[PDB]
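my sequence and its experimental structure, below.
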Amino acid sequence: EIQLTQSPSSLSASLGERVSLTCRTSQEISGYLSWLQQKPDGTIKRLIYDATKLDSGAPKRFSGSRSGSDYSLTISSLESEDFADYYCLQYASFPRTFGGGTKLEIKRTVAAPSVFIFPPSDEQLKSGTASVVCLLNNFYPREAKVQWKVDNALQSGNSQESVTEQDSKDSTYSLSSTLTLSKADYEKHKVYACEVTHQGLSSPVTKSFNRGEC
Amino acid sequence: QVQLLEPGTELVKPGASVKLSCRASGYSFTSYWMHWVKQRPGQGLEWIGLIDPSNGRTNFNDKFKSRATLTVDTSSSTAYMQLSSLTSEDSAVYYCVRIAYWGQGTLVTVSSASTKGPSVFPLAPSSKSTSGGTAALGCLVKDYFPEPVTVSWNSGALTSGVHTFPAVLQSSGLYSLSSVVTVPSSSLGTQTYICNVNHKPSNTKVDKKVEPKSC
Ligand SMILES: CC(=O)Nc1ccc2c(S(=O)(=O)O)cccc2c1S(=O)(=O)O
C-alpha cells in the first residue's frame, strides 16, 4: 500500500506567517493527491485537489505544489480559521490511503503552569477508592510532564491525564492528571506528590500533601 | 447543494455489529463512488472501502475485508456500511465520503458497560491548592457511562478561569472528568461555589457545593 508520510507532525505558527506542510509518497502517484482540513469541531473540508488545484470552496491563501514524491501545502498568510489539523489523501492506488496528519497550533511565548494538587474527598474515601488530582493551569507550550510519587516512590501506569483545547483568549493549555489507588493502598502511605517539568520551569515543581492532615 | 446525512451516535456491545447509513442528496447518486473512512479518537483517518452505487462493485482495505459489508439502496439514495464482530478498537467516528464532499460522521462507541450516572466529588480548595492570592477548586465527575457530561459553575455566571477537561475512559469501562476553576483565595469565605453537572444520557443532574471549610 502506498504510504503517505506527513511532516511536520505538529507545527506552531503565528497569525500572518507563511507556512508549508509536506506529504511524501512511497511510490509515484502522478499528482493524484488532495489536501484536507479538519476543524477543531471535526468537520472535514477539501482545500486542494490534483496536487495543485484550489477547491472552489477554499480561500486563495492555500496553494499546492509538488515535485516527484514531495507534495506541499502552503498557507500564504495564516488566519485564525487555519489553526486546525491537515491530512493528505492519495487517489492513484488502492487501497486509498492518508497521511498521518499535521497539527497546526498558534505560537505564543512560553508560560509556566500553575500547579495544584487535590487529595481524595472524604466522600469518595467512604466508598473504597481514592483519586488524587494534579492540575497544570494555563501553560504554553502543550508539552508537559507529570510524575506521581507516593512516599517518594515513583508511580507508573496508575494515572490518566487529559488536556484542554488551546485557549481562545490566551492560547494556553491546561492539564488534569488523576492518580487512582484503592483506599487500602491510599491509607498505607503518607506523602502524595505530583512533580511537573515544562519548558517554562527552570527546575521541577512538586506539589504535595500528607494524607489525613489539614 | 450536495449533502451527505449520517446518524448521530451509536452504542454497541462487543461482538455485535453496527450498520451505518449515509443518505445522499443534491447530485446523481449512481454517478460517484461512496467511500467510508474511520477515525479513532485523537487519531488520524483510515480508509475502509468504497462501493460504486451504479453496479454495487466494491473495493476494500484488507484490514476490513473480513468484517465490513457495503451496500446501497438506489431508491432512497442511501449507502450503508455494516461492520461486525466489534471490539473497542472499532470505537471511532465513521464518515461517508464522495469526491469533494465529506459527511459529518457518526460516532460509534463499542462497550459492554451499562448506563450509570456520575458520582460528583469535590476538589476542595486548600493551601496545597493556592497559588499566592489564587486558589484552585473543582469537581471530579467519576464513574459514568456513556458520554457525555456537561459542567457549569454558578449556573454559567462563573466562566472566567473555568477549565472543564475531556473525560478519560478508565479501565473499568466508565468515564471520569474534572472541571476546575481558579478564584481569589479571599472569596472562599464570602462566595459559594457550585458545579452544575448534567449527564444527559441518564437524564441526571447533580449540583455539588465545593467547600474549603474547617478541614
Ligand atoms: C479521480 C479522482 O478525482 N479521485 C478522487 C478524488 C478525490 C477524492 C476525495 S476528496 O475530494 O475528499 O479529496 C475523497 C474520496 C475519494 C476521492 C477520489 S476516488 O477515490 O473516488 O477516486
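Cool, got the structure. Residues are numbered from 1 along each chain as shown, chains lettered A, B, ... in the order given.

near the residue in chain A that the ligand sits nearest to, how many other residues are there?
Nearest residue of chain A to the ligand, counting by Cβ to the nearest ligand atom: residue A:34, 3.2 Å away. Using the backbone N, CA and C atoms, a C-beta is placed for each residue, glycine as well. For residue A:34, the neighbour count with other Cβ atoms under 10 Å in any protein chain shown is 22.

just the helices in the chain please.
Using chain A here. Counting by DSSP state H, chain A has helices at residues A:122-126, A:183-186.

right idea, wrong chain: chain B
Taking DSSP H as the criterion, chain B carries its helices at B:62-65.

relative to residue B:64, how far out is the residue nearest the centre of it?
Centroid-nearest residue in chain B, with Cα atoms, centre = their mean: residue B:147, separated by 6.1 Å. The gap separating residue B:147 from residue B:64 is 25 Å, by Cβ to Cβ, to the nearest Å.

in space, what's closest to the residue of chain A closest to the ligand - neighbours in sequence excluded?
residue A:49 (4.4 Å; Cβ to Cβ, 6 or more residues apart in numbering or on different chains).

so that neighbour makes contact with residue A:32?
No: Residue A:49 is beyond contact range of residue A:32, at 9.1 Å (criterion: Cβ atoms under 8 Å).

tell me, what's touching these two both at once?
Common neighbours of residue A:49 and residue A:32, counting by Cβ atoms under 8 Å, 6 or more residues apart in numbering or on different chains, are absent.

ok, those two, which is more surrounded?
residue A:49 (22 against 15).

residues contacting residue B:27?
B:1, B:2.

same thing but at 7 Å, please
For residue B:27, the contacting residues are residue B:2, by Cβ atoms under 7 Å, 6 or more residues apart in numbering or on different chains.

how close does it get to the ligand?
From residue B:27 across to the ligand, the span is 13 Å (Cβ to the nearest ligand atom, to the nearest Å).

from what I see, residue B:79 and residue B:94 are in contact.
No: in this structure residue B:79 lies outside contact range of residue B:94 using Cβ atoms under 7 Å: 11.7 Å.

need the distance between the two termini of stretch B:72-79.
4 Å (Cα to Cα, to the nearest Å).

mind listing what's buried in that stretch?
Using 16 or more other Cβ atoms under 10 Å in any protein chain shown as the test for burial, stretch B:72-79 gives B:72, B:77, B:78, B:79.

equivalent analysis for stretch B:106-119, please.
Buried, per 16+ other Cβ under 10 Å, within stretch B:106-119: B:106, B:107, B:108, B:109, B:110, B:111, B:113, B:116, B:117, B:118, B:119.

now, these that are in strands?
Among the buried residues of stretch B:106-119, the subset assigned to strands under DSSP state E consists of B:106, B:107, B:108, B:109, B:110, B:119.

residues in contact with residue 196?
Unless you meant another one, I'm taking chain A. Residue A:196 neighbours (Cβ under 7 Å, 6+ apart): A:113, A:115, A:136, A:144, A:145, A:146, A:204, A:205.

actually chain B
B:151, B:152, B:153, B:155, B:207.

who wins for most neighbours among these?
residue B:153 (24 neighbours).

distance between stretch B:28-44 and the chain's centre?
On the basis of Cα atoms, centre = their mean, to the nearest Å, stretch B:28-44 sits 19 Å off its chain's mean C-alpha point.

where's the residue nearest to residue A:34 relative to residue B:21, distance?
Counting by Cβ to Cβ - residue A:49 and residue B:21 are separated by 27 Å.

was I right to think the residue nearest to the centre of chain B contacts residue B:174?
No: shown here, residue B:147 and residue B:174 do not form a contact pair, counting by Cβ under 7 Å, at 10.6 Å.

so what's residue B:121 up against?
Residue B:121 is in contact with A:121, A:123, A:124, B:139, B:140, B:142, counting by Cβ under 7 Å, 6+ apart.

and the residue nearest to the last one when sequence neighbours are not counted, how many residues sit next to it?
With sequence-adjacent residues excluded and distances taken as Cβ to Cβ, 6+ apart, residue B:142 is closest to residue B:176, at 4.5 Å. Counted with other Cβ under 10 Å, the burial measure for residue B:176 works out to 26 neighbours.

ditto for residue A:104
There are 20 residues near residue A:104, going by other Cβ under 10 Å.

which non-adjacent residue is nearest residue B:186?
residue B:133 is the one closest to residue B:186 (Cβ to Cβ, 6+ apart), at 7.1 Å.

for the one you found, what are phi and psi?
Per-residue torsions, residue B:133: phi -90, psi 0 (degrees, to the nearest 10).

burial measure for it, as a count.
Residues lying near residue B:133 (other Cβ under 10 Å) number 9.

that one against residue B:184, yeah?
Yes: counting by Cβ under 7 Å, residue B:133 does reach residue B:184; the two are 6.0 Å apart.

who's in contact with residue B:99?
residue B:32.

re earlier: let me know the closest of the contacts of residue B:121 to residue B:214.
Each of those was scored against residue B:214 by Cβ to Cβ, and residue A:121 proved nearest at 14.5 Å.

determine which two of the ones in strands among the buried residues of stretch B:106-119 are furthest apart.
B:106 and B:119 (30.0 Å).

gap between the residue nearest to residue B:186 and residue B:35?
56 Å.

pull the CA atoms of stretch A:112-129 into PDB?
C-alpha atoms of stretch A:112-129 as PDB (Å, rounded to 0.1, in the frame of the first residue of the first chain):
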ATOM      1  CA  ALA A 112       4.900  28.100  33.000                       C
ATOM      2  CA  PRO A 113       2.000  26.200  34.500                       C
ATOM      3  CA  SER A 114       0.400  27.000  37.900                       C
ATOM      4  CA  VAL A 115       0.300  23.600  39.700                       C
ATOM      5  CA  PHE A 116      -2.300  22.500  42.300                       C
ATOM      6  CA  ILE A 117      -2.800  19.200  44.000                       C
ATOM      7  CA  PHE A 118      -6.100  17.800  45.400                       C
ATOM      8  CA  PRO A 119      -6.400  14.900  47.800                       C
ATOM      9  CA  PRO A 120      -9.200  12.400  47.700                       C
ATOM     10  CA  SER A 121     -12.500  13.800  49.100                       C
ATOM     11  CA  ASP A 122     -13.800  12.300  52.300                       C
ATOM     12  CA  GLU A 123     -17.000  11.400  50.300                       C
ATOM     13  CA  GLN A 124     -15.100   9.200  47.900                       C
ATOM     14  CA  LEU A 125     -12.900   7.600  50.500                       C
ATOM     15  CA  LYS A 126     -16.000   6.300  52.300                       C
ATOM     16  CA  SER A 127     -16.700   4.000  49.300                       C
ATOM     17  CA  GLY A 128     -13.400   2.300  48.700                       C
ATOM     18  CA  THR A 129     -11.400   4.200  46.100                       C
END
